[PDB]
């Protein structure tokens, strides 16, 4: 069954009240549910059809009269159909009692057991796995929820709303009743039961001075890892108050970590539930990346309280309205908290590698898709991250003052209601009219960002008249036709620009955002005293392919002297890309023609000089420095090469890295040594509330330089690697494992770091990732060793993803020409699909570029995908995903 956006129609039914009794027992959970329902104005006498997946019916009733299977209803394990003639014409009560089995629910959707915690996940379609419902987000209802369980095993009981009763039950059990009067969609329902330990705090809101109790929960073993999450929650609350003027509306907010989770976290109202790897950290037992991850995921789920929970979705095709907008709010928050330029750069780096790949793949879709089979397949980097860039462009176009005015219009007008992408565009249009001082101004063209798939390409030509002091930027935009639009239309593209004087590095014009609304336009600037170098798409102001048409000399000047971090990073990126494409084609030709000798174009010496200049600048940023010594990501590069031969690309990267290191290794080594004191400072190692993002960026730089020096076999660098392995910081000692891959000490450090990791669940997963992405010639034997000794039969998604996904980024080995790496991941996908279709589809990620590779590897990947598709037991999720990916 294919659902189409244009087919939306309101239900013929209304569910006003849900009264749940969830009785948890060792071998089963009994769910009783009374739904106080009505007939809506759209009803036309149809059957009453409920969603209900995998439920064991004990009984169902209408108005306390038990219904008879076969004559009055059918149930096919997916839909409960009550025939029209037995459906009442006015207000009525539907009731049911079903049995479900959280303990064997390894798909982690619906109600399931994670270690010793019972927990739910209802977005998008999981509530129907708990009880019968019209399981779609426009069915808003009140919830009164009672949970009972063995008290010894499950002392802590949580659901949405206020706890209004706690009571004892004979036989060692107990119950708690939660009443949540405000309307909500069923995907925001949640329940948690377990032997949970907590940290707590009281937050007083900014304007109404309301006292909000904050609780963060985990299993007892890891309760000492909760402190940063609680601090991040306070920060998120303050940011929504300070930037958006928005306070929390409930008396309490609970965050709960669980070990088994399909994604990062979930915004259930007042009861946010997290993958443990996105809530728990300590400085002894977590890598640095955990701190930014917890900050952004806590922030993300908090910002949903307005953008998703208070203003909700009419239908799932509007997903980007809450996810793109919440990622945008998340990104603003992160940028303000970290105060590092690499925060924005890391978002752009993600979009232009992963999301651009998706947008040029057969899976390409607009941020508001037109159809789906499994809605879980459209929680994508397109909907989330391109969605966020589309939400960010409103702020770029409007400026902070009018953006905040438009955002508040959207909140005030839609608070407590469902909404669509048009409602948001409407609110921004009102601010646009105010800003332009023109009630005729509109953003109708802006809506194409929601409906048009594919990445626009923006290219430039320039003219400077020295006598007239007149400078022109000619701009073109183009989107390649794809399967979603045969004809692509020009978008509203905001181009943040500066003009740099190449003689002194100074700004030449005030802040300027060009509004490109046609296929092409010419923007002219008068009184430009000298020929400038244009600084284009500052802040990465639109999600596009930038073709700057600048010389490498011009790009070097921007890299050294521009004020905008993104344009400097992009100029570096563009210099690298020109070099990569040139050397790639030289290696390819020598391979194709079987040349006994040939030449390679060297790396630009003035570019290497500029890198050295930046690295040696003690006032320059360490995080930015780590980006400039790193080549662009493989998944960024592959968007620019047809029939990419992964071995030739590996040879290209190796040549270019060797070229630069042959000049700069002594600089790299000197910096690695001089950065030690500040990077590894232990002053606050035992203060979990003290997080220094610049210090972590200095560690990133040290660990990047160490990797470069180790690959280069720099003299006696093994000494530094061994010393690095004794650092108290996991980012450092796990780096010592991966860079030791090039030395005879690798398995010594393998065993040392395993011993350091094995007694913390999350640290062990970081160790698994480090092994998985180790640059080892024997990586296939090493993966078998992880399988046999550590991973075993685990159904934990964090374990499976840790063992296999980093390995898939091994350009030389995963893409082994035998196809053995494709075969290995396909076996893992098919095995995983038997119990967790969502994670099976996540493990398909390496196949997304299949039609971008050389002909032999295309065929090898296609064969494994077609083998996967022929599996008799394949899930709907995996089948739909592979059918779309293979154009079948």
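Positions refer to the first chain, counted from 1.
The question of which stretch, 565-573 or 366-374, has the higher mean Cα B factor is settled in favour of 366-374.
Of the two stretches examined, 183-191 and 593-601, the record assigns the greater average C-alpha temperature factor to 593-601. Within the listed group 202, 583, 388, 278, the record reports its top CA B-factor for 202. Highest C-alpha temperature factor among 657, 303, 154, 394, as the PDB entry reports it: 154. Compared with the other modelled residues of the chain, the Cα B-factor recorded for residue 587 ranks in the lowest third.
Residue 72 sits in the highest third of its chain by CA B factor, as recorded in the PDB entry. Among the modelled residues of the chain, residue 840 sits in the lowest third by CA temperature factor in this PDB entry. The deposited CA B-factor of residue 824 belongs to the middle third of values across its chain. Split the chain's modelled residues into thirds by C-alpha temperature factor. Residue 861 is in the middle one.
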